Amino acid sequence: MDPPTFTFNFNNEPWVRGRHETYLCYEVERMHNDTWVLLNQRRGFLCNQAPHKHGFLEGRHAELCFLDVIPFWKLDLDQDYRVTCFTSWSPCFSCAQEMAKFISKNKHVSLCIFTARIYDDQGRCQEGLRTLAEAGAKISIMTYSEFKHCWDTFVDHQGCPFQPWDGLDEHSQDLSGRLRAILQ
């Protein structure tokens, strides 16, 4: 992922101004049946698929595209895995139920979703996040740590260390208060 795209998409300044896409970075770690440790399996990122006459007519949300690729990972079906997602926006109502379905029918997948801004359409989105948590997914807001991790792991930084934008911590704190209230 190029630096301008990351910084533009994962900036946590409340404004819904220009950010019409949803980027999603994921990491997969095998549980390990004996010890306490996790094993690196794979990683990657993706974004939504805008409506297109030569593709998904009704559009393809990043969350749906993410679930589309898991089959291609070919994880041993009788093993436990940790799946972590860093998303620029939180899932819509429809994608939340879809992810909640996945983790409910699998059991061998621990899903942790870290989001930069919360997409709350003020309607059913809040309910969707409660459904995902009910399903056992960890839903949390990205802080300095998650932003830096993604920068170091998923960005072509070309050696440049991560440089936090002003207010990152502030917006991160506020969003955390809103999410905690949404859930409970």
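One rule holds for the numbers: they count along the sequence shown, beginning at 1.
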Mean Cα B-factor check, 159 to 167 vs 14 to 22, entry values; winner is 14 to 22
Which is higher on average in the deposited entry, the C-alpha temperature factors of 101 to 109 or of 71 to 79? 71 to 79
Residue with maximal Cα B-factor (values as given in the PDB entry) among 142, 133, 46, 38: 38
The residue of 63, 127, 27, 34 with the maximal C-alpha B-factor according to the PDB record is 34
Residue 148: CA B-factor among chain residues, third -> lowest
Could you place residue 138 in the lowest, middle or highest third of its chain by Cα temperature factor, using the values in the record? lowest
Please place residue 57 in the lowest, middle or highest third of its chain according to the CA B-factor in the PDB entry. highest
Based on the deposited C-alpha B factors for this chain, I'd like to know if residue 118 is in the lowest, middle or highest third. middle
